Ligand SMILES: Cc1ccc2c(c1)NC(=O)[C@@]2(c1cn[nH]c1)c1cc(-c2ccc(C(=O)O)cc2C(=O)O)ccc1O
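Heads up, the chain below is alone and in the form deposited without the ligand; it's given as structure tokens.
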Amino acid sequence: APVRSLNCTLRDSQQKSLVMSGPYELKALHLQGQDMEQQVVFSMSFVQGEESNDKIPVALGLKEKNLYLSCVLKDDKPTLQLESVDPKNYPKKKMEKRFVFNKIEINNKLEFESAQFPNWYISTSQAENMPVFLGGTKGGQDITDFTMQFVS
């Protein structure tokens, strides 16, 4: 049947919100009050892929935009990008692998691993107003843990 999707926001474990930073760029910053309207709302689709109790394959599209987070090699490195798609054809249950993240629940937090690039994760910096990026460890100074908020 159709693909099932939920509207949501994400915040990193330091409670930074995600906003735009150009036509295809996301940054993370501390946000509260009026400025919270600036945060990106995702449509999280539950897609085809290997699945277990705590590891759920999803795609992350921007709400009512034909833009998806994707993982590709750029200048020979696994990188995160926002990629446009044909709005007639998306979302779909069989999303291409570059669009698929494994949403992993550990200790009441979420990690989003690239399905395409094992052990590469959606990451934020500790500094304010820096890009969201794909980081090659769920270790170290960069942040790989998030919480989800459900949106109407």
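Rigid core: the largest C-alpha set superposing within 1.5 Å between the two forms. Don't overthink the numbering: it's just position in the shown sequence, from 1.
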| query | finding |
| --- | --- |
| Entry-level comparison of average CA B-factors, 133-141 and 17-25, reporting the higher stretch | 133-141 |
| Average Cα temperature factor in the PDB entry - higher stretch of 95-103, 35-43 | 35-43 |
| Most elevated Cα B-factor in the entry, residues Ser84, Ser123, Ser114, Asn53 | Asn53 |
| Most elevated Cα B-factor in the entry, residues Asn119, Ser70, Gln48, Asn66 | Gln48 |
| Lowest, middle or highest third - CA B-factor, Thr147 | lowest |
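Beyond what is shown, the protein has a form deposited with the ligand bound; the following relates to that form.
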property: Open or blocked, once the ligand is placed by superposing site C-alphas in the entry with it bound (3+ ligand atoms within 2.4 Å of backbone or C-beta means blocked); result: blocked
property: 4.5 Å heavy atom contact, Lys94 and the ligand in the entry with it bound; result: yes
property: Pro57: touches the ligand in the entry with it bound, heavy atom cutoff 4.5 angstroms; result: yes
property: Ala115, heavy atom within 4.5 angstroms of the ligand in the entry with it bound; result: yes
property: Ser45 within 4.5 Å of the ligand in the entry with it bound, heavy atoms; result: yes
property: Only residue that shifts (Cα, 2 Å or more, rigid core superposed) between the shown form and the other one, among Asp35, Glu83, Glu105, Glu51; result: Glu51
property: Distance trend in the entry with it bound - C-alpha atoms of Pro118 and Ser52, change of 3 Å or more; result: farther
property: Distance trend in the entry with it bound - C-alpha atoms of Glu51 and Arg98, change of 3 Å or more; result: farther
